[PDB]
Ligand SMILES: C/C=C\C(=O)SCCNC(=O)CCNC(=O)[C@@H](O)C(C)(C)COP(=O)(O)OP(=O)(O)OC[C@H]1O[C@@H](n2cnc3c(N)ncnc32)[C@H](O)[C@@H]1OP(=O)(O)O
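Listed next as structure tokens is one chain, alone, in the form solved without the ligand.
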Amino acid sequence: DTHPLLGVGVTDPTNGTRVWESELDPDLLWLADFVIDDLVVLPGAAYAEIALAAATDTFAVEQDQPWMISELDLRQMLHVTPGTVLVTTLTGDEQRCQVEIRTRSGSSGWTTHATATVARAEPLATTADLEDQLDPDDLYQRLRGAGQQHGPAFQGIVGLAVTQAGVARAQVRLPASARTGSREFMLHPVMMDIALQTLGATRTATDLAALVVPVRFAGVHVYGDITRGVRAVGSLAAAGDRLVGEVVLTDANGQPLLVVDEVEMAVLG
């Protein structure tokens, strides 16, 4: 009925700006399973869902996945505490619009956690690279001792390996404790996170370990219900000092469900 993360919306008449508000609570759905330094945090994947959910609620469209996310900047983490209120704005047209996502302090104070640009979706267009099998329980234990406390709902990497070139290949499910409310989302945050987790298994990321979290997306393309995905493939390079990656999520028939052109990564104390 109502989106659990975005909430209900009203268009301000003074300007074309549409404004949403929703109440977040750690006992909400599966938010409790995402934890950094013992703090329940809203995962960066979730801002993508909110942006897309916002665009779909403003404009009449006839499709299933009509939007791509041009850009998405993660400004500062959202410590999910009880009585957290999430305020979201949208401004633009059916071709291109900007979304801003915030926490609310009282009634007239806001802290913006992320900004996204949504636009009309673009339609989808044996070698010396052998795999070395890896234990998923090794990964979820490395970053569990580095701050990232992924719970049951976020432990979707069930098979993992990495090529000679350094690319990470993972087999992924959406865990049983995360398919409640799944139908509410266009781009299931938990699943997108699971796709993004693979980047932490690349040779680039592992040659560091502190943990390494996302801070920017560009070119998030959704071509279907990403929960139907089963194999995620992520590569992480380094250009400048910025860690820039790319991941691809494909269903059982190797069809792309989610494609993320860029993912800028960074370290966290």
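Note that the rigid core is defined as the largest set of C-alphas that superpose within 1.5 Å between two forms. Numbering starts at 1 and runs along the sequence shown. Shifts are known only where both forms have a C-alpha.
Not on display, but discussed next: the form solved in complex with the ligand.
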item: Candidate site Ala205, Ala238 and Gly245: all three near the ligand in the deposited bound form by heavy atom within 4.5 Å; value: no
item: Heavy atom within 4.5 Å of the ligand in the deposited bound form - the one residue of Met77, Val85, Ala121, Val158 that qualifies; value: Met77
item: The single option of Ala53, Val230, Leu29, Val215 touching the ligand in the deposited bound form, heavy atom within 4.5 Å; value: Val215
item: Residue contact check: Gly234 to the ligand in the deposited bound form, 4.5 Å heavy atom; value: no
item: Contact label in the deposited bound form: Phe34 to the ligand, heavy atom within 4.5 Å; value: yes
item: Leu42, heavy atom within 4.5 angstroms of the ligand in the deposited bound form; value: yes
item: Partner-facing stretch of 137 to 145, 68 to 76, 183 to 191, 95 to 103, counted where any non-hydrogen atom is within 4.5 angstroms of the ligand in the deposited bound form; value: 68 to 76
item: Core-superposed comparison between the shown form and the other one - Cα displaced by 2 angstroms or more, from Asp27, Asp64, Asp38, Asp241; value: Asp241
item: Segments of at least three residues whose Cα atoms shift by 2 Å or more between the shown form and the other one, after superposing on the rigid core; value: 239 to 241
